[PDB]
Amino acid sequence: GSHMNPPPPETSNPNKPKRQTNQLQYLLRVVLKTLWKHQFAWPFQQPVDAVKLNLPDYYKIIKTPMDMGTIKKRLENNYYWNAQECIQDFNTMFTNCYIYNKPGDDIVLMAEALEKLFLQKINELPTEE
Ligand SMILES: O=c1cc(Br)cc[nH]1
Ligand SMILES: O=c1cc(Br)cc[nH]1
């Protein structure tokens, strides 16, 4: 991709600790699966390509980018140690969108629909066993 977009967030790193948990399995099998097929998921399925979108200031503003494509790879590659790390990635993705864009913009309404779905599923995140 373009040299003007940063490398994506890390999805593989042998030095970082990781494990499976039933909560992480739920995040992949229920949470990510639900959000990924939503009508409004598509803009969130890969890193923001600020060159293609003509958003030259994006990576000046957003210093902790995150997207569902990255979260999917982190879940499928067992990158995480715990659910909190993955929930934080989702929350970063939503808050980036709300910080960068005007309230009421289409992309914000899209993120808000995904976040509504997310919160319902996270309220049912299973007890860690
Ligand atoms: O303008 C934009 C586009 C995306 Br995708 C995410 C946040 N802001
Ligand atoms: O401005 C935008 C950009 C994308 Br990508 C999706 C919705 N609105």
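Residues numbered from 1 in each chain as written, not as in the entry; some residues may be left out. Chains lettered and ligands numbered in written order. Heavy atoms only, no water.

**Student:** So what about the nonpolar core? Which residues, and what values?
**Tutor:** Counting 28 residues, the largest nonpolar core has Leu27, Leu35 and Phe90 as the members making the most contacts within it. Taken together, the elements giving at least two residues each to this core come down to α1 (22–36), α3 (68–76), α4 (83–100) and α5 (106–123). Other than its neighbours up to four places away in sequence, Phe90 contacts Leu27, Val31, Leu32, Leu35, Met68, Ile71 and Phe118. One finds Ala50, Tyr58, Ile62 and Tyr100 within the second-largest nonpolar core, a separate group that totals five residues. (Core = buried A, V, L, I, M, F, W, Y, C linked by side-chain atoms within 4.5 Å. Buried < 20%, exposed > 50% of the residue type's maximum accessible area, 1.4 Å probe, protein only. Helix = DSSP H or I, 4+ residues; strand = E, 2+ residues; numbered from the N terminus. Contact = heavy atoms within 4.5 Å.)

**Student:** Summarise the layout of surface pockets; cite the residues concerned and give the values.
**Tutor:** Unoccupied space between atoms shows up once a probe the size of one water molecule is rolled over them. Empty space within the largest pocket amounts to approximately 450 Å³. Lining the largest pocket are 19 residues; nearest its centre among them are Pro43, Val48, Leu53, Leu55 and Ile107. Broken down by class, the residue content of the lining of the largest pocket amounts to 13 nonpolar, three polar and three charged. Volume-wise, the second largest pocket comes out at about 170 Å³. As for the second largest pocket, its lining consists of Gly1, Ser2, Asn5, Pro6, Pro7, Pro8, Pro9, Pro47, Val48, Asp49, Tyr59 and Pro65. (1 Å grid on protein atoms, 1.4 Å probe; cavity = no way out; pocket = protein on both sides within 12 Å on 5 of 7 lines; lining within 4 Å. Points joined across faces, edges and corners; volume = space filled by probe spheres on them. Nonpolar A, V, L, I, M, F, W, Y, C, P; charged D, E, K, R; others polar.)

**Student:** Hey, could you go over the site of ligand 1 for me, with residue numbers and the actual values?
**Tutor:** Ligand 1 sits among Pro43, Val48, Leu55, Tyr100, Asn101 and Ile107. In this structure, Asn101 approaches ligand 1 through a side-chain N or O atom, which is 2.5 Å from a nitrogen atom. The site holding ligand 1 turns out to be the largest pocket. Looking at side-chain class alone, the shell around ligand 1 contains five nonpolar, one polar and no charged residues. (Near = heavy atom within 4 Å. Polar contact = N/O pair within 3.5 Å; in protein donor to acceptor, adjacent residues only side chain to side chain. Sits in = over half its atoms within 2 Å of the grid points.)

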